[PDB]
Amino acid sequence: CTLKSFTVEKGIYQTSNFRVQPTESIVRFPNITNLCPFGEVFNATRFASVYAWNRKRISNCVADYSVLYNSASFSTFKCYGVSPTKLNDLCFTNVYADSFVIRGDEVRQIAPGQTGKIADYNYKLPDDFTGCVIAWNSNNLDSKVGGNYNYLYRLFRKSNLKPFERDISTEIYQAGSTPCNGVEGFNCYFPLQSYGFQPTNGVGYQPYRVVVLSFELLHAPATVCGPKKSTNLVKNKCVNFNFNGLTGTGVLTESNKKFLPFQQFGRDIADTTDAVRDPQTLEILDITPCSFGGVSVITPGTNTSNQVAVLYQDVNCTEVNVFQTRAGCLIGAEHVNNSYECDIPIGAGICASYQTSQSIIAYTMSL
Amino acid sequence: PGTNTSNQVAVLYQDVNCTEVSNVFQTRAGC
Amino acid sequence: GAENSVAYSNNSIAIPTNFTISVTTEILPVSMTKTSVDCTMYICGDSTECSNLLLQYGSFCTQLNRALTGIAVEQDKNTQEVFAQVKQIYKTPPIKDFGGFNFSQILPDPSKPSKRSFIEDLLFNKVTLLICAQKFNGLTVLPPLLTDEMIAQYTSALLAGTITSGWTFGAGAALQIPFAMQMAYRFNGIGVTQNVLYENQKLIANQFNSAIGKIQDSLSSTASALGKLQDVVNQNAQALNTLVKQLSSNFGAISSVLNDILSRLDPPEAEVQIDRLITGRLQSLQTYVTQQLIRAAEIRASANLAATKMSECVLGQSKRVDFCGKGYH
Amino acid sequence: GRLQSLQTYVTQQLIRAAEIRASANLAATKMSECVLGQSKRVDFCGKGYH
Amino acid sequence: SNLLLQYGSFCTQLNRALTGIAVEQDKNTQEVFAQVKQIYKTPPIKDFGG
Amino acid sequence: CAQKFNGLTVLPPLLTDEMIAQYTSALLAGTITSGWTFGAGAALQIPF
Amino acid sequence: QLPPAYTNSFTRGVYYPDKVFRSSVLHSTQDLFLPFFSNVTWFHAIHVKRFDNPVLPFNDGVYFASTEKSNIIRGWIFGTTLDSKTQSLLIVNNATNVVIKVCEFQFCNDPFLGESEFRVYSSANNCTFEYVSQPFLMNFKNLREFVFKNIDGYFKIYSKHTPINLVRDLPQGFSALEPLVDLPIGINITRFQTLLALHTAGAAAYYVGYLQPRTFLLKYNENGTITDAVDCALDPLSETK
């Protein structure tokens, strides 16, 4: 099926490769059960302006998004760089919940590389932001028929903002010439601007309580992790594993390197995870996977026989006659002690022929 | 000349008439 | 270098009176590490999404594997080529009545661990030499067909032939002849009548032995003129390292390990990032295999040159001046 | 684009270099064997007896 | 340049290959001409049988 | 000199042409004064 | 209180940039450091009210060659502009442990501790964190090579104490610098000043150097410690390496 031909001539040919199938999967976390405070800020009573938006840090707890699914009709819920269905299976790094309120009209003003007064002067996002946003109407919850003019939003500034920048210092803005001198001359408008948050207006002017979740990735075994259960520990078997988020496979064995109390991982000559410290027992292991080379097969040619000789290349094991060489585990060939001229080379001086009442034999070739 | 003996280096700018930035000897192959 | 005109006339002539045998080395790369790379393993790891996406460019994998296997068998053919001119394996007789000459560093030594002779072992040791770490991305290394044992045995056979039968074993069966007489034949080939040999045998023997000692030093010393083989191995290992290191690269995507993206993202929107990774690593494999082909062609040229040298210098006195050494050969 | 282009240039240069290397080895030979003494390899140092 | 930082190895890769070509060239000329070692000068006696 | 304008520098050779010419002059002088011996050790004057 | 004289470092200020253990890997990186042979501001208390910390610009990284033998130095303080209203950093190596507080500090004309003089905050209107740290109680032997890197909502402090043997500009030696504490604080800091424990004029000359982005070539030994490092911007030979 590989050579795309029925007849095959005497030679060595290389079929697909081979690896050991992994047997199990073990999950190891730190012993923590704290609850991530999210309701207190989402299901909150009062929010700050978009020029005075809150920046809160959250850490050392566990999160959930199913609760963020059944809760309510979140008018906007769309995530960036991450699928909203995977959070409870990943492991965050220093989430930050930031909130504010505008009209549902300008919800577009929240995007990477986004434009808008709120975006240019009041709340800037990164081009590379990771996370998402949650907003819902507050005209039905926090309502002022005349206009909830307690909520404000900056309308003027000289320079734009860096992503996630709050600036409060607000004198009477100067719109070019006719110097304002902070004395409100000509071209002097104030950056402070109020909204029209009224039940007496349409759905467009409905204030929408907005919140954003910014969080890093792959910088430390952060304590912001998911509800995954820790699991038992198995060793000397090709298994899956996750360690505080680091997800890989291989052979878990004890270490010999002297870590340091802060040292989390280990690495190698060429930047591969080769040693991990257990986030449960604080034990130090190393790793060696089992992607064990390719497979080839011998044949005397499909004009003389059918039997073959499979040859795996890297096995100090059984890993299902049989005869191990330096070139790997040879299967399906008797071994002898004579010597002849090489017919089908293998390597390390091993050749294979067909005459013995017939079979495949190998031998250290003669000269 | 090799770290094993000395630590003195002779830098060589590739192709410039000698006005870039002691004993600056001009070659056909650079300053 | 030095300058000296040559006093020339119409009736002046220089003529030599005394002479000096000499010995000089020559290195020649003759092979390189036959390797192989399992494409899907490298580009994709153990994903299947990555396998599906690679099914777009379908022919590239088999293509590259064919190329690299061609290189491998080419290497084995070279190594087979140089060290195969004798259908026999001669054994130097235990008698050491070699007209006074002392081949004791070049003839093999049974008491050694291998059958490597003195200078052979010295050399083999001088070029001192990470493996499994590399092997942990499918970048395996097929081993050579001929282990160094058989190589050394071939070499010893050749020595036995060229000192017992002189050269005739290169043209059929080996016909023994006393070594002094064979040396005399060698002289009579370069224009010096052979009587000079049977009149200077002792001096010549001493010169030869001292010369061999000279090489014993010039290698056992720190003066290592083995730059060639060393740099071959160097370029090979360095290309390997470049390839491997080009996995931390991001090629403009968000991550550099598939499992990362596949975990933190959904297929219909992560497949683009997977595509970018695919493109990048594919380009890397491509340039690597191209460099490999070129360097292998280089080594092939070098090996053919070595084969010609083996057939024309060893198996018989040459006459192409300054081709098998320096001065009359 | 520009990267691909530069790559192609490098590869072409390598191949030409290998060609020139072969030719130069041939040249060095013809020098050492043709100049520094006569060679009887017919039709290699020119045409006819050398 | 920041964007090029993604493909970071290509620059060194190429420059290395090209420098290899260059030093190979110089070695070519060396091998093709460094056979003599004593720079002889023609004698002033242009007497060569004719 | 037109190439030099995108970093496409051109390094110079190691041997200038004069050295090469002197080398060729050497070879000629040797050939016409010894003929092959100077290719095999010393240089031996010998009539043409 | 004599003027601070320029003196130069010598292979000082090499700290593990991260936690990733490696073994015999001659490995390059890029980060902020103290460039070699750099003129560090010798604050001479060997000059034979030198609480001489006029509120010193905390640039992005400050070497602090803590030179003390009997904890005559109390701690430090870190702020933005010291306007009596902003939220600052209090750093005292108290005799119970290292006590750290980020708080609504009210900078008086002398905001510091001692604890008798406490004109740091008259009121903790927003005292966002209190840090009763691990137990650490505080020639110049314990050259407490403290380095203050603050970035990314993280106030990071790498450190290592071990009795050195010299009473002048730092010795012609070399040693690593462990990481000690990163605190997820994230407040504005522009300038700082130390808290030398007030007896005071005293005599304990303590150096202060500045940091900035560079790139080094570390050398992890087989044990796994930084045995040597090389600047990549010092001398042509260094770039060769």
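Coordinate-derived values only; no laboratory data. No Cβ is skipped: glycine too gets one built from the backbone with ideal geometry, and neighbour counts run over all protein chains shown.
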G:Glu178 vs. criteria of a type in the set (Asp, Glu), closer than 30 Å to A:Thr93 by Cβ and over 17 Å from the mean Cα position of the chain (by Cα)
no
Check A:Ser230, A:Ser255 and return the single one that is polar (S, T, N, Q) and over 27 Å from A:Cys317 (Cα atoms).
A:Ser230
Collect the residues in segment A:42-61 that are exposed (fewer than 13 other Cβ atoms within 10 Å of the Cβ) and of a type in the set (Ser, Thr, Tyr), keeping them in residue-number order.
A:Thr45
Could you go through segment C:270-287 and let me know if any residue there is in contact with a helix residue (DSSP H, G or I) (Cβ under 7 Å, 6 or more places away or on another chain), within 27 Å of A:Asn244 (Cα to Cα), among the polar types (S, T, N, Q) and surrounded by fewer than 18 Cβ atoms within 10 Å (Cβ to Cβ).
no
Grab the strands (runs of 3 or more DSSP E) fully contained in segment G:146-224, keeping just those with 2 or more residues being under 26 Å from A:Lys56 (Cα atoms) and aliphatic (A, V, I, L, M).
G:179-183
Output the residue which, of all residues in segment C:226-248 that are of a type in the set (D, E, K, R) and within 29 Å of C:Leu28 (Cα to Cα), is farthest from the other protein chains (Cβ to nearest Cβ).
C:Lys228
In this structure, is D:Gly1 within 8 Å of another protein chain (Cβ to nearest Cβ), among the small types (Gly, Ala, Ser) and either within 22 Å of F:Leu28 (Cβ to Cβ) or more than 12 Å from the chain's Cα centre (by Cα) (or both)?
no
Unmet criterion (only one of (1) buried (at least 20 other Cβ atoms within 10 Å of the Cβ); (2) within 11 Å of another protein chain (Cβ to nearest Cβ)) for C:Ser302
(1)
For segment A:95-106, state whether one or more residues are within 30 Å of C:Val272 (Cβ to Cβ) and part of a helix (DSSP H, G or I).
yes
Step by step: first the residues of segment G:206-228, then only those that are farther than 21 Å from G:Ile151 by Cβ and touching a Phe, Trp or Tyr at 6+ places or on another chain (Cβ under 6 Å), then the one that is nearest to the other protein chains (Cβ to nearest Cβ). Which residue is that?
G:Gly224
Within the set of pairs 6 or more residues apart or between chains, which connect a residue that is among the aromatic types (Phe, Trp, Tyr) inside segment C:67-92 to a residue that is not in a helix (DSSP H, G or I) with Cβ atoms less than 7 Å apart?
C:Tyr90/C:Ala174
Give the residue that is farthest from A:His219 (Cα to Cα), with candidates limited to residues of segment A:84-113 that are of a type in the set (S, T, N, Q) and surrounded by fewer than 18 Cβ atoms within 10 Å (Cβ to Cβ).
A:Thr85
Unique residue being surrounded by 15 or more Cβ atoms within 10 Å (Cβ to Cβ), out of contact with any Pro (no Cβ under 7 Å at 6 or more places or on another chain), at positive phi and not aromatic (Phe, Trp, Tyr) when the list is A:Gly301, A:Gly294, A:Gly332
A:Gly332
Can you pull out every residue in segment F:21-40 that is within 13 Å of chain D (Cβ to nearest Cβ) and more than 21 Å from C:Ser9 (Cα to Cα)?
F:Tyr23, F:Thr24, F:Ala40
Looking at segment A:310-323, is at least one residue assigned to a strand (DSSP E or B), within 14 Å of chain C (Cβ to nearest Cβ) and polar (S, T, N, Q)?
no
Filtering segment A:12-41 down to residues that are more than 26 Å from the chain's Cα centre (by Cα) and surrounded by 12 or more Cβ atoms within 10 Å (Cβ to Cβ), which residue is nearest to A:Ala119 (Cα to Cα)?
A:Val41
Hey, can you tell me all the residues within segment G:229-241 that are away from every other protein chain (no Cβ under 11 Å) and either exposed (fewer than 15 other Cβ atoms within 10 Å of the Cβ) or of a type outside the set (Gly, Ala, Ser) (or both)?
G:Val230, G:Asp231, G:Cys232, G:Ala233, G:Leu234
Can you tell me which residue in segment C:249-264 is nearest to E:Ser9 (Cα to Cα), limited to those that are more than 9 Å from chain A (Cβ to nearest Cβ) and not in a loop (DSSP other than H, G, I, E, B)?
C:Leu258
Please enumerate the residues belonging to segment C:55-69 that are exposed (fewer than 15 other Cβ atoms within 10 Å of the Cβ) and either within 12 Å of another protein chain (Cβ to nearest Cβ) or not in a helix (DSSP H, G or I) (or both).
C:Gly58, C:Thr62, C:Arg66
If I ask for residues that are out of contact with any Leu (no Cβ under 7 Å at 6 or more places or on another chain) and not in a loop (DSSP other than H, G, I, E, B), which ones from segment G:225-241 would you list?
G:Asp231, G:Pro236, G:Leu237, G:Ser238, G:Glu239, G:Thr240
Specify which of the listed residues (A:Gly266, A:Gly245, A:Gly250) is more than 14 Å from chain G (Cβ to nearest Cβ) and closer than 19 Å to G:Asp18 by Cα.
A:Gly245
I'd like to know if segment A:216-239 contains one or more residues that are among the β-branched types (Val, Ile, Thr), touching a strand residue (DSSP E or B) at 6+ places or on another chain (Cβ under 7 Å) and in a strand (DSSP E or B).
yes
Within segment C:213-223, is there a residue that is in a helix (DSSP H, G or I) and touching a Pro at 6+ places or on another chain (Cβ under 6 Å)?
no
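Residue by residue, here is whether (1) hydrophobic (A, V, I, L, M, F, W, C); (2) within 27 Å of the chain's Cα centre (by Cα); (3) under 25 Å from A:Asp314 (Cβ atoms) holds:
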{"site": "C:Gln134", "(1), (2), (3)": "no, yes, yes"}
{"site": "C:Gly166", "(1), (2), (3)": "no, yes, no"}
{"site": "C:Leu226", "(1), (2), (3)": "yes, yes, no"}
{"site": "C:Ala239", "(1), (2), (3)": "yes, yes, yes"}
Is it the case, given these coordinates, that C:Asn52 is assigned to a loop (DSSP other than H, G, I, E, B) and either surrounded by fewer than 17 Cβ atoms within 10 Å (Cβ to Cβ) or away from chain F (no Cβ under 14 Å) (or both)?
no
Among residues of segment A:206-220 being surrounded by fewer than 18 Cβ atoms within 10 Å (Cβ to Cβ) and not hydrophobic (A, V, I, L, M, F, W, C), the residue farthest from A:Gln109 (Cα to Cα) is A:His219
Could you list, in sequence order, the residues of segment A:145-172 that are of a type in the set (D, E, K, R) and buried (at least 16 other Cβ atoms within 10 Å of the Cβ)?
A:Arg154, A:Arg157, A:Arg166
The strands (runs of 3 or more DSSP E) lying entirely within segment A:1-78 that contain at least 1 residues which are within 27 Å of A:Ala222 (Cβ to Cβ) and within 11 Å of another protein chain (Cβ to nearest Cβ) are A:54-57
Working only within segment A:17-59, note down all residues that are within 17 Å of A:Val224 (Cα to Cα) and touching a helix residue (DSSP H, G or I) at 6+ places or on another chain (Cβ under 7 Å).
A:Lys56
